[PDB]
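Q: Starting off with a structure, shown below.
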Amino acid sequence: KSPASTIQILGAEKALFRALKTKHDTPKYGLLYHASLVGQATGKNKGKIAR
RNA sequence: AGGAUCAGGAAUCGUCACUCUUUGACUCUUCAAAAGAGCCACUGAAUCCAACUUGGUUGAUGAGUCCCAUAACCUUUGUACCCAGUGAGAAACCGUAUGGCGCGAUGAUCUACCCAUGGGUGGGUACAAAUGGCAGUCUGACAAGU
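Note that the entry's author numbering numbers the first sequence so that position 24 is 334, with each residue one more than the last.
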């Protein structure tokens, strides 16, 4: 029952909340960073694959 | 006799690298513009819209994970302290000719206010804890190549 954008930021949601209430920007990777495919990119390309 | 111009005192190396600093050049480049050896043609490259293509709301792009929401800073409720230390002072006899726990340094003795040495209030300091505060659960439509 959790949507795709919550599969992203499931673990490290502080900077998500710093982005929600303070006018900041969310993480892109989240708990999905340490998965076996996000790090298989390089650089900024590792951002979008987190979606 | 003491001082300053033209023997009381270290300095004779045919360089290899490495690092650092220094300035100068340099492709540029902001202050900030302004001037343009000018025009044609050929040819090349690049950019931008239209176009088309491929991929995409079964989610394209945009994005402060890590500065740790795994927190910081408090806030309330249960405990440990101190304005651990203090250190010499605490209580008045004796089984069948003779034998001892009868204290005590090797420790006796204690753990800012009112109430006659019974109880506690007040502040600092520390932690455990919070489904407590501070403190309110991402976007969503183009993207990219020629």
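Just so you know, even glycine gets a beta-carbon here, dropped at the ideal spot from N, CA and C.
(1) What residues in its chain sit with their C-beta under 6 Å from that of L341, if we drop five residues either side in the sequence?
(2) Assign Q318 to one of two classes, buried (16 or more other C-beta atoms within 10 Å of its C-beta) or exposed (fewer than that).
(3) Can you give the Cα-Cα distance for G353 and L330, rounded to whole angstroms?
(4) State the Cα-Cα distance for the pair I359 and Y343, rounded to the nearest angstrom.
(5) Excluding sequence positions up to five away, which residues of its chain have a Cβ less than 7 Å from the Cβ of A351?
A: With the given structure in hand:
(1) Counting from one through the first sequence, the residue named residue 341 turns up at place 31. If we look at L341 and ignore the five residues flanking it on each side, its Cβ neighbours are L320 and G321.
(2) For this step, residue 318 is matched to residue 8 along the first sequence. Around the beta carbon of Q318, 16 or more other beta carbons sit within 10 angstroms, so the residue counts as buried.
(3) Counting from 1 along the first sequence, the entry for residue 353 is found at position 43. Counting from 1 along the first sequence, the entry for residue 330 is found at position 20. Approximately 25 Å, taken between the alpha carbons.
(4) Numbered from its first residue, the first sequence carries residue 359 at position 49. Numbered from its first residue, the first sequence carries residue 343 at position 33. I359 and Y343 have their C-alpha atoms roughly 10 Å apart.
(5) Indexing the first sequence from 1 puts residue 351 at position 41. Closer than 7 Å at Cβ, skipping near neighbours: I359.
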